[PDB]
Amino acid sequence: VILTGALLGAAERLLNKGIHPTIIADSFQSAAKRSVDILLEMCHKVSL
Amino acid sequence: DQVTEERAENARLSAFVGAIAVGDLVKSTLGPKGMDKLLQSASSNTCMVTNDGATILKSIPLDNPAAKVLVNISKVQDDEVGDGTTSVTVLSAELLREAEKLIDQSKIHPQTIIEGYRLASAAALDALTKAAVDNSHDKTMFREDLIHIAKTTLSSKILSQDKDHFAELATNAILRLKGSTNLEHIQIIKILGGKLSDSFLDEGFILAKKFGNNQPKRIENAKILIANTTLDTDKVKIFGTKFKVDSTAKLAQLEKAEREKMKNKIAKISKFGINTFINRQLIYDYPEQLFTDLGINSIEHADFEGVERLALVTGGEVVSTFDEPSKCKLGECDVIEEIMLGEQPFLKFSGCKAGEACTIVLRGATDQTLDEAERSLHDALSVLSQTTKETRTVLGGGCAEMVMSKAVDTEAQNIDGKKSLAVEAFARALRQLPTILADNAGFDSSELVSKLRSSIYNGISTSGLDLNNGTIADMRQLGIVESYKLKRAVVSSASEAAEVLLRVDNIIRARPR
Amino acid sequence: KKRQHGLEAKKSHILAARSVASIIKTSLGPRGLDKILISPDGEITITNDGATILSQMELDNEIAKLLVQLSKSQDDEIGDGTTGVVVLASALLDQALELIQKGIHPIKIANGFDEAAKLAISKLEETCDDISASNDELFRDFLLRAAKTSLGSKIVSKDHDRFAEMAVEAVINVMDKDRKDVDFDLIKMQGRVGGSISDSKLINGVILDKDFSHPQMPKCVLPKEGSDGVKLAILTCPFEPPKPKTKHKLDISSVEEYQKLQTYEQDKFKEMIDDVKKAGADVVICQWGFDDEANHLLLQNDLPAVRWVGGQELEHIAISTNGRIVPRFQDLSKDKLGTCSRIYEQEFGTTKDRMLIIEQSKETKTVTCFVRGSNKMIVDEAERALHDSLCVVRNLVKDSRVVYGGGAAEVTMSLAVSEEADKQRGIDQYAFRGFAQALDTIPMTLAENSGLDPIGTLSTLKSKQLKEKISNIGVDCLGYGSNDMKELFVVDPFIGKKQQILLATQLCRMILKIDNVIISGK
């Protein structure tokens, strides 16, 4: 649930800059795939 | 009594502002860059967030009759385009606004204004016909142009960023139908959970049901049977019969006759030679164990909509009156197994006998996208199916409305007179449709549209507006093209509906009951 | 209850409808405008028709019943050009208000109208033309000339060529070679919302909202191996496994008796499908539902069927196919089979509900115009506009005399009544001229919506008709310039203007005789 509130403060700062909502959503969509690759590189092997 | 009537003074102003007030909500929904809206329902406390005004304007109560006809004609758009059809109400609102300014300036009779739109609609049909391109002569480019046609029509929902992953879905699915325009053949299932790009196109059928007790989850080389006969409720009769007996001895014989009724019924089912059985209603425990004894699969609780989709996708036939085993056909699939999609495991079919239909698996993040992807896929292959019938296409994306403006401006010179004011007003209102589209992405609707206006008059047809970069780009390079049949119905119906609204000199409100 | 005497209920009672009838005055002629009327149930009906608005409109004064009572008889008598006629129906009560101020007795006002009404009709009989004197080819050419002015009235008049062949070819199928006959009862127009308004075609038959059940077969089979009209048949008795409908009881004394009840329906399932298969009837319409176990065998024997069809549409099918609906299963025979040229289900939209369409390409008793449109509101408005065309041709059949339209009739009889008023002298000279003065308001009202000088056009009419007795000079409604109606092919039925003006004059005689108004609750 805390992940919903983490993006509330970040969205309010970007809307004040005069950025179109789709650009903000597309920037988070591109950054989402970047965050997945970070977790995959930091993923450690584990026994079955 | 209590009848409030407005003369031509009040009714003329009230009818024009009615479509403009409610029309402001559908102006920001235009194009792939358009936004969405929210509606708060007093019942069940539900909501619908979408860019298509067919499910928006229908649930919005409004006391202005001007937008009442705009909701009824949305069903025609729902039967043709289905995605981004709000431009019909936006263009009609612009025609009402320009005519409101035309009667305040030119002060001509409103019937003369309608006569101008009649001659202006004729010039719009000539520009779309001469610019129509038919690529169906080459089957290699035809299948490739279906992707370009798809990229235009498949961007509606917030998920349009996944169109690159969803383009392969509608590309191969339209090739599997081979002329099937009905959505009853197309199998659309919703799944909650998983990534947004997890949606794939599988060849087979996906069933949300399961096996009751002993039915093996994996059955190979099975004969699928569909039956509307009654099992779960058994003896239910509905005769003029009554029951009278001397002793409890014959009372149990009626239940023994119930077993003989099902034993003789399963005997006729056993003569079918099927490994799979499907019923419209539930299955009683006694025939459920008989299905497992003879090695027959059991599927129950298939509603009226699902009982057809089983035989339509697999090419089978619903069978009743078991007395004729060899007079019907039996469905067949290569691999029948239970898989797990999301939380709820589903029954997967593979190797269908007839490839006339396909199943599209839809997995998404939230429940809001379930009905949202349903609206985007409400007309998806049917739009591509209409392109299979009518193969003439024209470059869309806001440029086609600018091409028709050149034909209307050319026809306005041959007409001239005092009727050209309404003809030019239609051209000015038509050029404002891509202007609102540029307003939705937050880009420049002044300098860019002014350059696109002069570019059409310079003789460049392929010139258009780029949504991503906000510049002038060719639609053939971006791949934005629309069929001639869809756009012809959008422009014509918008002008025909606007002719009726300008004719209202009176508004009569009866006392509610 | 209120007490009204004297000029209170003898004037405001007439002034009431005078302000009500002035509302639809803006809808006169093809230049008119539409209106919005909200029904008490909350629905909204948008039309410019004078008879449709006043029918569903709820008013206060009881004079509204007098205007609706007239429209009830006009639909069964003429009912042609309702938007044009409904305005002149109330024009007779406006002139009577001026004669009351002058001191003329109200009954003398009413009796003076019937005196000048018979003389105005005789003058109109001078310039009338006989269309029946020509052949059938020139008669259809006269219909095309009339369908331009007459048929086209309301909206959708943008393109009038699509509905031009609809009304002309409709009366060609049902008609007598001597050109004396009419049937408007077997002609019913059922439209749908879809496509474009220019997609309308001519399909003779009915459109059923119910499609073929058990979607396990083809939506439509165009040809037939047996030919001979596909062998259409309709069962009057409901289709169910046979059981006594009256109260009865079953007594089961043994298991064998219960097993025979199982094969009971099983023997009847095969008996009902074989009796239909023996006759070879492809189209079998069941009025109330059907049996679930028989939902397959019909497709097994190739027997398309439908469920829940209204009895009104069943009457049009039997008369179109020249067959007889089967009253009883035992009465089923091949002699009652119908004739159907082609039957198919329209695709309509994406899914929605497929509409079953029965079509007869040859001559049939049931004539229907295939109608599709984008706007849903124009459906009921465009249908009723073409429904009046059935009575338009009827007026040209029963009455062979046709007069030039465009308001030239009232101007022609205006000069005759003015001369006939000088023969009686007395106090009726101003009363007879007042009857013609009320008819002179029709030309001035036509030019009101078009933006043309009402008197400047009317002054030219009487000046032109003085030198030449031809009535082809009339008011220009649509702005065609020169007022000759012969080149513009503007003609109106003689009996149309005759009865609608006469019946309005006969009704206003009893209206002006109203003194006190007594209203009691229902």
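What is reported rests on the model, the rules as stated and the sources as named; no laboratory read-out is quoted. Neighbour counts are summed over all protein chains in view; Cβ atoms, including those assigned to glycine, are modelled from backbone coordinates with ideal geometry.
Figures for the structure shown
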read-out: Count of the stretch B:7-54 residues which are hydroxyl-bearing (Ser, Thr, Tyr) and touching a helix residue (DSSP H, G or I) at 6+ places or on another chain (Cβ under 7 Å); value: 2
read-out: Hey, B:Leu183 outside the structural domain of B:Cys333 (by CATH), under 28 Å from B:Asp52 (Cα atoms), in a helix (DSSP H, G or I) and touching a helix residue (DSSP H, G or I) at 6+ places or on another chain (Cβ under 9 Å) or not; value: no
read-out: Top-ranked residue of the stretch C:256-310 - restricted to ones that are without any contact (Cβ under 8 Å) to a residue 40 or more places away in the chain and under 39 Å from the mean Cα position of the chain (by Cα), ranked as nearest to the other protein chains (Cβ to nearest Cβ); value: C:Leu303
read-out: Qualifying positions in the stretch C:478-493 - hydrophobic (A, V, I, L, M, F, W, C) and surrounded by fewer than 23 Cβ atoms within 10 Å (Cβ to Cβ); value: C:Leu478, C:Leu488, C:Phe489
read-out: Helices (runs of 4 or more DSSP H) wholly inside the stretch C:98-182 that include at least 3 residues being under 30 Å from C:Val367 (Cα atoms) and either out of contact with any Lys or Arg (no Cβ under 9 Å at 6 or more places or on another chain) or without any contact (Cβ under 8 Å) to a residue 60 or more places away in the chain (or both); value: C:136-146, C:161-173
read-out: Helices (runs of 4 or more DSSP H) lying entirely in the stretch C:342-455 (those with 2 or more residues that are within 14 Å of another protein chain (Cβ to nearest Cβ) and touching a strand residue (DSSP E or B) at 6+ places or on another chain (Cβ under 7 Å)); value: C:377-387
read-out: Members of the stretch B:330-384 that are surrounded by fewer than 19 Cβ atoms within 10 Å (Cβ to Cβ), farther than 29 Å from B:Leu225 by Cβ and of a type outside the set (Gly, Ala, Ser); value: B:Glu343, B:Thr366, B:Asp367, B:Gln368, B:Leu370, B:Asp371, B:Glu374
read-out: Residue match in the stretch B:274-285 (condition: among the hydroxyl-bearing types (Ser, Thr, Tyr), in contact (Cβ under 8 Å) with a residue 12 or more places away in the chain, in a loop (DSSP other than H, G, I, E, B) and out of contact with any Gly (no Cβ under 8 Å at 6 or more places or on another chain)); value: yes
read-out: Single residue of B:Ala267, B:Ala257 found to be loosely packed, with under 14 Cβ neighbours inside 10 Å and either touching a residue at least 24 places away in the same chain (Cβ under 8 Å) or small (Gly, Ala, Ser) (or both); value: B:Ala267
read-out: Test result for C:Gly84, assigned by CATH to the domain that holds C:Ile53, within 26 Å of C:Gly50 (Cα to Cα) and within 27 Å of the chain's Cα centre (by Cα); value: yes
read-out: Only listed residue being touching a residue at least 60 places away in the same chain (Cβ under 8 Å), within 14 Å of another protein chain (Cβ to nearest Cβ) and at negative phi, chosen from B:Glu98, B:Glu115; value: B:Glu115
read-out: Unique match (being within 7 Å of chain B (Cβ to nearest Cβ) and closer than 23 Å to C:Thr445 by Cα) among C:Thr83, C:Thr26, C:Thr47, C:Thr52; value: C:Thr26
read-out: Residue in the stretch C:7-22 that is within 14 Å of another protein chain (Cβ to nearest Cβ), assigned to a loop (DSSP other than H, G, I, E, B) and more than 19 Å from the chain's Cα centre (by Cα) present; value: yes
read-out: Test: C:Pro40 is over 11 Å from C:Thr83 (Cβ atoms), facing another protein chain (nearest Cβ under 10 Å) and either of a type in the set (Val, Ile, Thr) or not in a helix (DSSP H, G or I) (or both); value: yes
read-out: Residue list for the stretch B:457-486, filter: surrounded by fewer than 22 Cβ atoms within 10 Å (Cβ to Cβ), part of a helix (DSSP H, G or I) and either touching a residue at least 12 places away in the same chain (Cβ under 8 Å) or within 14 Å of another protein chain (Cβ to nearest Cβ) (or both); value: B:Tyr457, B:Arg476, B:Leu478, B:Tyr484, B:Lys485
read-out: C:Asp209 of a type in the set (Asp, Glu) and in contact with an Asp or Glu (Cβ under 8 Å, 6 or more places away or on another chain); value: yes
read-out: Residue match in the stretch C:248-259 (condition: of a type in the set (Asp, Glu) and surrounded by 13 or more Cβ atoms within 10 Å (Cβ to Cβ)); value: no
read-out: Residues satisfying the stated conditions in the stretch B:135-194, i.e. within 14 Å of chain C (Cβ to nearest Cβ), in contact with a strand residue (DSSP E or B) (Cβ under 8 Å, 6 or more places away or on another chain) and either of a type in the set (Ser, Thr, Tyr) or more than 27 Å from C:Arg354 (Cβ to Cβ) (or both); value: B:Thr153
read-out: Residue within the stretch C:286-298 that is in contact with a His (Cβ under 9 Å, 6 or more places away or on another chain) and surrounded by fewer than 20 Cβ atoms within 10 Å (Cβ to Cβ) present; value: yes
read-out: Failed item in (1) farther than 29 Å from C:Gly406 by Cβ; (2) more than 7 Å from every other protein chain (Cβ to nearest Cβ), with C:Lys72 passing the rest; value: (1)
read-out: Matching option when the condition is assigned to a helix (DSSP H, G or I) and assigned by CATH to the domain that holds B:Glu80, among B:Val383, B:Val313, B:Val403; value: B:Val403
read-out: Test: residue in the stretch C:245-264 that is closer than 24 Å to B:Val319 by Cβ and either touching a helix residue (DSSP H, G or I) at 6+ places or on another chain (Cβ under 8 Å) or not assigned by CATH to the domain that holds C:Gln360 (or both); value: yes
read-out: Any hit, the stretch B:109-120, residues being more than 18 Å from the chain's Cα centre (by Cα), of a type in the set (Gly, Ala, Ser), outside the structural domain of B:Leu381 (by CATH) and not in a helix (DSSP H, G or I); value: no
read-out: B:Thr233 facing chain C (nearest Cβ under 9 Å) and not in a helix (DSSP H, G or I); value: no
read-out: Residues located in the stretch B:489-513, provided they are more than 8 Å from chain C (Cβ to nearest Cβ) and either closer than 15 Å to B:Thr86 by Cα or β-branched (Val, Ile, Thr) (or both); value: B:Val490, B:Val491, B:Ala494, B:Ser495, B:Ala498
read-out: Scope the stretch B:126-168; condition farther than 20 Å from B:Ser385 by Cα and assigned to a loop (DSSP other than H, G, I, E, B); matching residues; value: B:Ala131, B:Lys157
read-out: Count - residues of the stretch C:196-216 that are more than 10 Å from chain B (Cβ to nearest Cβ), farther than 14 Å from C:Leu356 by Cα and over 21 Å from the mean Cα position of the chain (by Cα); value: 1
